[PDB]
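Comments concern the structure below.
Neighbour counts are summed over all protein chains in view; Cβ atoms, including those assigned to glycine, are modelled from backbone coordinates with ideal geometry. Just so it is clear, none of the values below were taken in a lab; they were calculated from the coordinates.
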Amino acid sequence: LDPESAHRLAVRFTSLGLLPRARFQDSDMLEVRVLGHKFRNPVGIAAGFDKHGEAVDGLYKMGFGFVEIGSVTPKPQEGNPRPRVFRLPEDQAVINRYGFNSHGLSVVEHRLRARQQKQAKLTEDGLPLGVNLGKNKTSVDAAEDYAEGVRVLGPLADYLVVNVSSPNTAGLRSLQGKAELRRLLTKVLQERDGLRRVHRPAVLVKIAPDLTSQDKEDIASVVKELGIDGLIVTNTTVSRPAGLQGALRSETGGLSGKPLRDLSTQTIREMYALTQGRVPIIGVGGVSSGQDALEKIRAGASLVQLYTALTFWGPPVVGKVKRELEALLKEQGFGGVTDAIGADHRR
Ligand SMILES: Cc1cc2nc3c(=O)[nH]c(=O)nc-3n(C[C@H](O)[C@H](O)[C@H](O)COP(=O)(O)O)c2cc1C
Ligand SMILES: Cc1c(Oc2c(F)cccc2F)c(OC(C)C)nn1-c1ncc(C2CC2)cc1F
Ligand SMILES: O=C(O)c1cc(=O)[nH]c(=O)[nH]1
């Protein structure tokens, strides 16, 4: 099985509930209140596993405390030619250049509408839903693509993600620069504020691990100025850290998994400091263990996500991360996850 074939089968099996229901019962230690919601546990599935919102209920069954679908583009688009996903088994890493393959807003809108009240119950029970918004390859006006996403899927989401950090769409990461970023996020927040109160989601910005010090300072400034609700830190890296062994290490695309882990943790640490710990962070990149999760929480993450670990450990990795995180919190004298958020910054 090539990686993309495995991905398609994984989504199909998850959607059909063909996996053991997670025996691990979440303790009160793992509960987090952030972004106006209760999260039963802080371990989410990152964007790019369920791009088209086909497997949401199966992912809650796997034991995730929250699910992020997408990225979703306004119009349907095929993304890049195959092959476009590469396994680096020696590195516990993946390189992908999917290029925002998307069923598009209308198809995803109808899928989420079909289970909207089921989701309202799950959200009330501490299992929220995120929607990650992308832009079409041929789009002239990036802000209008994101605005369309807010209008169509904002009403169906607990939080929205403005993905300005895909490495696989020409000119996208340049939306991370200051004057353009202020214009883009002002338009996104105006559109969000225009939705009816019960349909009004939190808005987060998802950033690359590949930003300059200047880029990070500029993002922190704009996020505080505009009242952005949170940051997702980080997307995949276009860097190739020294020591990658995989034969496929020089494939074009975003690198995920263990080689991204500490680059992502350091970006969390920097963004927490630049926002004075006042901007909730979802920490993501190379999480495979309770230790990986707690390092991101101590660096300033309120929640974490994983993806690549699923491809090396399978579905059991979710319960593993939760059980190890609970054990480490007890060992280090934390009452719960909330007490550990940003603990490294208090020395
Ligand atoms: C195959 C693949 C597809 C992805 N697609 C998306 C996407 O559509 N939108 C997005 O924001 N991030 C996407 N990501 C990035 C993940 O959400 C996450 O930020 C990154 O993989 C780091 O987490 P991990 O090391 O636990 O996989 C994708 C990652 C992979 C491996
Ligand atoms: C998470 C996941 C599986 O694990 C399972 C499961 F073994 C049973 C049910 C659900 C699952 F997710 C799996 O099982 C293969 C189909 C045997 N593949 N896989 C996987 N997922 C995503 C990708 C992305 C391209 C990078 C690649 C993959 F290999
Ligand atoms: O669709 C993709 O190529 C994709 C998008 C994104 O945000 N991140 C990633 O690694 N791949």
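Note on the chain: with charges restricted to the Cβ of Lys and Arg (+1) and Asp and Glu (-1), its dipole about the Cα centre is near 460 debye. 3J(HN,Hα) along segment 26-41: 5, 7, 4, 4, 8, 6, 10, 10, 7, 6, x, 9, 9, 10, 4, 9 Hz, from the Karplus curve 6.51 cos²θ - 1.76 cosθ + 1.60 with θ = phi - 60°, whole Hz, x for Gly and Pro.
In this entry, segment 291-335 is assigned a mean projected area of 3.2 nm², taken as a quarter of its C-alpha convex hull surface. Distance between the C-alpha centers of segment 196-213 and segment 113-171? Whole Å please. When both Cα centres are located, 10 Å separates them. Please say if segment 202-312 is rounded, prolate or oblate, where rounded means a/c under 1.5 for a ≥ b ≥ c the square roots of the C-alpha gyration tensor eigenvalues, and otherwise the choice is prolate for a/b larger than b/c and oblate otherwise? Prolate.
Here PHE13 and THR123 are evaluated by their C-beta separation; at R0 = 25 Å the FRET efficiency comes out at 0.50.
Compared with the rule-of-thumb size 2.2 N^0.38 Å for a compact globular protein, segment 63-120 has a Cα radius of gyration ratio of 1.47. Where only DSSP H runs of four or more residues are counted, the chain gives -11000 deg cm²/dmol as its mean residue ellipticity at 222 nm, each run worth -39500 (n - 2.57). Panel order for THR234, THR311, by other beta carbons found within 10 Å of each beta carbon, from fewest to most: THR311, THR234. Computing FRET efficiency as 1/(1 + (r/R0)^6) for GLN291 and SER5, where r is the C-beta to C-beta distance and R0 is 35 Å, gives about 0.65.
Just check the chain against the gyration tensor rule for me: Cα atoms, a ≥ b ≥ c as the square roots of the eigenvalues, rounded for a/c under 1.5, and otherwise prolate or oblate depending on whether a/b exceeds b/c. Since a/c stays below 1.5, the shape of the chain is classed as rounded. Relative contact order of the chain: what whole-number percent is it, with Cα pairs under 8 angstrom and at least 6 residues apart? Once normalised by length, the contact order is 18 percent. Please identify which residues in segment 117-150 have an amide N closer than 15 Å to a label point set 7 Å out from the Cα of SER106, following the Cα→Cβ vector. Hits in segment 117-150 for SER106 at 15 Å: 149. For segment 181-244, the square roots of the Cα gyration tensor eigenvalues, ordered a ≥ b ≥ c, give a/c of at least 1.5 with a/b greater than b/c, which places it in the prolate category. In a DSSP loop and with at most 11 other Cβ atoms within 10 Å, the trypsin sites (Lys or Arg not before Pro) in segment 21-54 are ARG21, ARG23.
In this structure, the amide hydrogen of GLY79, modeled 1.01 Å from its nitrogen in the peptide plane, lies closer than 5 angstrom to those of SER102, counting only residues at least 5 positions away or on a different chain.
With the highest mean first, a sort of the peptides 152-164, 192-204 on other beta-carbon atoms found within 10 angstrom per residue produces 152-164, 192-204. Partners of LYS61 within straight-line reach, counting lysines whose Cα lies under 20 Å from its Cα and excluding those fewer than 8 residues away in the same chain: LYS38, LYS51, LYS118, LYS121, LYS320, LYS322.
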